Amino acid sequence: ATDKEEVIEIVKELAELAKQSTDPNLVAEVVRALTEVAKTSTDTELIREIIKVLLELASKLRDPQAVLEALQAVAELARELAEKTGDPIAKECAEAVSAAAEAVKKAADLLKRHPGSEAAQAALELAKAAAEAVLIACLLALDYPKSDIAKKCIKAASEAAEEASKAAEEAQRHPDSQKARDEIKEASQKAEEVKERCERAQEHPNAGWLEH
């Protein structure tokens, strides 16, 4: 623990390095390593910050296995962070992430079985959009746990995760239904708007790449 900011700078190098690698084993190690630090740290703000790095990483990983691995880790640390801080939102975020990962896993599994089912393609898109909404909503929940914006965007993003799971259920039953495709796509647009509305609410640091 040379310094709280130092370790924070360390994980970012690991996070950025995780995105650059094209080998799945090395990425899984980065998650496990990032998960170990937070699992051993007694500094909630350090844990909180590490989760934020994991949220952004899941957004940028291009391997489905690595994404789910990132979402699982976020769920784990978020649940631990909620118990420590006794903060309910951290629990809410943890549940929403798990709901999001599950729908993604369900939809991706289905599409593999019916690669030509447009309704199945629509279901995966909804699960992806729902997941992104959860990621952005968790980021607000962690930064502004007291804000009502975070309360609303977590409730909506959580809602999108339940719909994403229901869409995968109907799609499996009716892989050949155009109506089911249209409904899922309609629900997908709503979830995408949630993500965009919540993203606009977050405040980023006025620190350009060149300054740091």
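Read the figures in this text as sums done on the coordinates, not as results from a lab. With ideal geometry, Cβ positions are generated from the backbone for all residues, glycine too; neighbour counts draw on all protein chains shown.
Could you tell me whether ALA94 is of a type outside the set (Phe, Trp, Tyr), in contact (Cβ under 8 Å) with a residue 24 or more places away in the chain and in a helix (DSSP H, G or I)? Considered against the rule, which asks whether it is of a type outside the set (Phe, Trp, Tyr), in contact (Cβ under 8 Å) with a residue 24 or more places away in the chain and in a helix (DSSP H, G or I), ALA94 comes out as no. Restricting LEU17, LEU68, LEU26, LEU55 to those that are surrounded by 17 or more Cβ atoms within 10 Å (Cβ to Cβ) and out of contact with any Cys (no Cβ under 7 Å at 6 or more places or on another chain) reduces the list to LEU68. The one condition from (1) assigned to a helix (DSSP H, G or I); (2) without any contact (Cβ under 8 Å) to a residue 60 or more places away in the chain that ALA1 does not meet is (1). Restricting region 191-212 to residues that are of a type in the set (D, E, K, R) and buried (at least 17 other Cβ atoms within 10 Å of the Cβ) leaves a set whose member that is farthest from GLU118 (Cα to Cα) is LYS195.
Please find, within region 1-14, the residue that is surrounded by the most Cβ atoms within 10 Å (Cβ to Cβ) out of those that are over 19 Å from the mean Cα position of the chain (by Cα) and not charged (D, E, K, R). That would be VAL7.
The set of residues from region 12-41 being out of contact with any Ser or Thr (no Cβ under 9 Å at 6 or more places or on another chain), closer than 18 Å to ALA75 by Cα and of a type outside the set (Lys, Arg) comprises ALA15, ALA28, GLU29, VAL31, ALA33, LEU34, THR35, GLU36, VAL37, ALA38, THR40, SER41.
All conditions but one from (1) assigned to a helix (DSSP H, G or I); (2) free of Cβ contacts under 8 Å to residues at least 60 places away in the same chain apply to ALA99; the one that does not is (2). A single member of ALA120, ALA129 is out of contact with any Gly (no Cβ under 6 Å at 6 or more places or on another chain) and in contact (Cβ under 8 Å) with a residue 60 or more places away in the chain, and it is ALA129.
A count restricted to region 183-202 and to residues that are among the acidic types (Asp, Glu) and in contact (Cβ under 8 Å) with a residue 60 or more places away in the chain stands at 2. Could you grab me the full set of residues in region 146-204 that are over 15 Å from the mean Cα position of the chain (by Cα), acidic (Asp, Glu) and assigned to a helix (DSSP H, G or I)? Listed by number, the residues that qualify are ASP148, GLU163, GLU169, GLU170, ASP182, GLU183, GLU186, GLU193.
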